[PDB]
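As structure tokens, the next two blocks hold two forms of the same chain, structure 1 and structure 2.
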Structure 1
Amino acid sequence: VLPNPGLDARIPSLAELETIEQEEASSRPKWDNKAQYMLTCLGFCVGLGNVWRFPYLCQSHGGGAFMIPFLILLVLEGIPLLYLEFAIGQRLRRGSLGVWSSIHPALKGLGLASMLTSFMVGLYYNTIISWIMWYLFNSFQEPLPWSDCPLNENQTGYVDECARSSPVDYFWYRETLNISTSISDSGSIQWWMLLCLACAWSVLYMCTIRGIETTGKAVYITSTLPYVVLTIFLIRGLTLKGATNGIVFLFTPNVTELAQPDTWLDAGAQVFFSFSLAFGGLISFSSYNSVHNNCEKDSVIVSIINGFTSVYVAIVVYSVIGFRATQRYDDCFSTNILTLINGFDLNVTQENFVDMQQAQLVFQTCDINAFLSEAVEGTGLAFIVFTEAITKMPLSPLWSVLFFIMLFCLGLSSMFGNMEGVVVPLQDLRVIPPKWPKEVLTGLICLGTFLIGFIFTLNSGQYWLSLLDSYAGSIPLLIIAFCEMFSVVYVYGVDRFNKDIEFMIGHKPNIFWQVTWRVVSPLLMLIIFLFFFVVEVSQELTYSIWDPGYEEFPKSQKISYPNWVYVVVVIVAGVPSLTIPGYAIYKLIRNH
């Protein structure tokens, strides 16, 4: 509809697509089976988010009710866009920088944005994988290292900070991170953190050394193992006393939460990341399929599995949350019973305590709801909540190994996608001599992103990661995804796209696809974009700090970010969003 001339003789023709696959047998990779392509896509979509983000939001944003906004946006934005990304990739026979550049020369910024976003996300996400594999290395010992406090130098009692806090909280903030009191206090590189960072980047080079050719064998385990382990954990969790109590907790409906601009923003930003859209690895992975693959049925199957996985992992996480809260509650009541029994020389059971007890004595009032409401979101759930719950289970060191290989596999499959998103665009820019083998490029990305990830091994390195994690996604992905849908409907033309799809699948997209590609999806992507600048003003950009030497130390302490932090937020959220106009102003005044 927008007047872009010279579009033919810049893309392959439909007449020429029947002959292009018997000549891209050489010089282009090709899946070995359809299952391999299907798995790699699943691993990209299913990630650590489905463990410590989606289950939290499901409850925080109205348990069971959150399903409404999540499923609405899933079928109105997720599937619709996922299809647009699978189809355009399989039709244009190129990755993300390839496709947008071909549709219109000024749309290159779109490709650049997707590559930048993929880099920024992969940088911090592999750092999380570095922390996962730190815990897994410490998961082969009868007494898990987060089971007990370290003794004082005098061994009179436990270390003060562990004493005031918890052995688990102590193992994360002091023995893993060695965290600082601020983002402005930065120290040295935690050598053990750097070792694990090395391990993470090295494990990812080996799977991505020769592209899909090597990642295909990897996804057979990286995308399957997590389902087996997630299953083994569901049968174990349900057996544990207190589970079901935490399932009920997840699925209690608070409709009032639906009437909130913060609910749909999260539900909206969750679908995009859960579907790994606007990263431009799904376009690259779809380009390797045959020109006549059904990419309409592949987008529905992936998106069904994505929506079933999200709920299924939430059932596993809230089974542990309910066992861990049922354990603390019983421990608390036992302590209160002991106080009365010892103080009054008393027998006393939860059934007969309040009646039995009826000034010197102190009773710590505790409610299961309060223990259940202790569920957090983001790493904390894995490094604090689960790690604690697992120490109170039989065969502790075997449930820890299985939980941290599962998280490892989740993270690693996601990394395959992000790496596809950084390397492919680099080969289309032709930054390195094309003569160079693929291993060289992938090895220079894996070594260059490793060296930048030393910022997160500083003592302040978790404060930096919590900032990038809150800005790397959201705005950039929302704007990138809005312009991919715009560029595929108003610039390439939705009429040429229907014809093309009819060419491969054999028929044209139905009215559902037409309605959502033209009017609905984009409109639904503007109100999520307007919600962002509505909630942002309430952010106050404040970050929680540990600060052992602080009043109510174990209590949350939120401090405002230093003014210079705004520069960081502008660079990680703005530059990947202003390259889309920025390259389009540069190209429109290089011709004139």
Structure 2
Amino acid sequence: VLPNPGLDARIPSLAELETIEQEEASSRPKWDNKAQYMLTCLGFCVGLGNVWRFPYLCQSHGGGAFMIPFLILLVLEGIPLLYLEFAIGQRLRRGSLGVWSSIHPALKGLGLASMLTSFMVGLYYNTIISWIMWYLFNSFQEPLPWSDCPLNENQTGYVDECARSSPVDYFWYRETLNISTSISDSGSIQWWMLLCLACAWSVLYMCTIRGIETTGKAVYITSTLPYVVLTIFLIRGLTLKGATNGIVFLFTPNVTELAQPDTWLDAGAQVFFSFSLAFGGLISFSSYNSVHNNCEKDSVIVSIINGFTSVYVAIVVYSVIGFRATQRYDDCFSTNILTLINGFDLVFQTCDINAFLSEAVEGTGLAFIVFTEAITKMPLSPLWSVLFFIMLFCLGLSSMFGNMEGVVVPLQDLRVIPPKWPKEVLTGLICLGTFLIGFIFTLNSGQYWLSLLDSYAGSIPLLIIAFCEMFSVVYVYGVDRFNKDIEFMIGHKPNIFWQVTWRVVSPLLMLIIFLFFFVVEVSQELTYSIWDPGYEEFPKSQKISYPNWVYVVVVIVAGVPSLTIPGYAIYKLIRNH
């Protein structure tokens, strides 16, 4: 509907697609088998971002008061984008930067904002993978290192921190992070963390060395192991002890918080992190399929698995949450019994079970504090620790293949490295570059920096890219051409569910969410949680205000990608003059 002259020149002819699959055998990559593509989509729409984020947000709002908005916006904003990205990639036979640049030359900004976003989410998730590997490397020890405290110079006093806190809390904050008392206290580089980061990047490079030539074989183990091990943990979880108590707790949501715009905003932004939408990897990956590939059926199958896996992982977390709360209730109970037995042959504790289940975990605690403590209480605790960190490591890796795709393909399409040089060279330099940037999260104050990416700074860009993709495919390229295109690829025009969601519903929902993501989220003061053993009520939570200069970080990490979209468009409409 917007005037777009010259479109037919830039994009492949519909008749040219019938004479491209058997003559572009070289120059362009091909999936060996549809299984390889489906296993790659599984790993990118159900890696971390689904399995890591969803469960945290469940327990940070409400067990079931968050799944409702999540599953509504999965259907009405996620399935439509997922289909759109799959189809547009399959038709225009290019990556994100090739696709938006060919729909209109002023939209090369859309593709640069996806490459930067993909860069930033890869930098975040590979630090989480370096932590996961630290814990996997300490999981080959009969007494898991986080099960016991250290000691004093007298070798008769437990470390006061550990004592005032827990071996788990102390192994996370002191033995792993060696955390400082604020973001201003940088300290220095934790060498043992640096070794784990190098390991994460180096494994990723081994799997992504020749893009889909190598990542397509990696996914046979990396997108299949996580799901079997998560099945083993579902069965272990349900038979834990108080597990059924926890699972009743996420299926009795308070509805008073289903009316909280934050629950809707987090669910909004979770739909794009869950599916890895607006990163651009999905467009590149769908561009290597046959032009007659059924992208509608693929988007639906991926979606159904995404929603089902979201709810499944919430069951595995809450069974373990329920187990922890019940062993506290009991413990606390058994000490209130022991106070009057020690007094009568009188201090007491108030500990109902609903006060323990509804005790939120800040940061990455669900993985390195709750699941780690509960694995030590299980028999063969070292075999459950290794399975848990191997599951998470493979999920991380599967997700990292998509995020790497979304940085490598655009840099190939910007022709910035000599074409002569093998891709292996380009992949390697991205791994080295991002490895060096990730030294900031190896500092004494690293977690604090990683928690800034957990702010709205990590989300605004994703909401802006997704909207612009939808808008540009429907109004700049034209939904009518797009329907004739799909009808050519799969044999039938997309039905009225797709027409309503693309033209009105999805764009309008995205707009509302972006608008009210500033009316509340951005307007609120950015605060974070510090671990300082010199704090009154020490093992308790002291949230403080970030310094002013961190605004100079959120302002770029989010702004730049977002502003790349118009910024490049305005550059292109003043070079024309």
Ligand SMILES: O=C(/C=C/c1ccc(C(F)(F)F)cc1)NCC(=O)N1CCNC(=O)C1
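Residues are numbered by position in structure 1's sequence, first residue being 1. Take the two forms, superpose them, and find the largest set of C-alpha atoms that agree within 1.5 Å; that set is the rigid core.
Of the two forms shown alone, the one solved in complex with the named molecule: The form solved in complex with the named molecule is the one given as structure 2; the other form is structure 1.
Of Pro167, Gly98, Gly473, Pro522, the one whose Cα moves 2 Å or more between the two structures after core superposition: Spelled out, the residue whose C-alpha shifts by 2 Å or more is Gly473.
Threshold 2 Å Cα movement between the two structures for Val300, core superposed: It does not reach a 2 Å shift.
Cα displacement of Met67 between the two structures reaching 2 Å, rigid core superposed: It does, since the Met67 C-alpha is displaced 2 Å or more between the two structures after the core fit.
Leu338: Cα shift of 2 Å or greater between the two structures (core-aligned): Yes, the C-alpha moves 2 Å or more.
Core-aligned Cα shift of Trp436 between the two structures, given in Å: For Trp436, the alpha-carbon shift amounts to 1.0 Å.
Core-referenced Cα shift (Å), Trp52, between the two structures: Superposing on the rigid core gives a C-alpha shift of 4.3 Å for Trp52.
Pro253 CA shift between the two structures in angstrom, with the core used for superposition: For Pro253, the C-alpha ends up 2.5 Å from its position in the other form.
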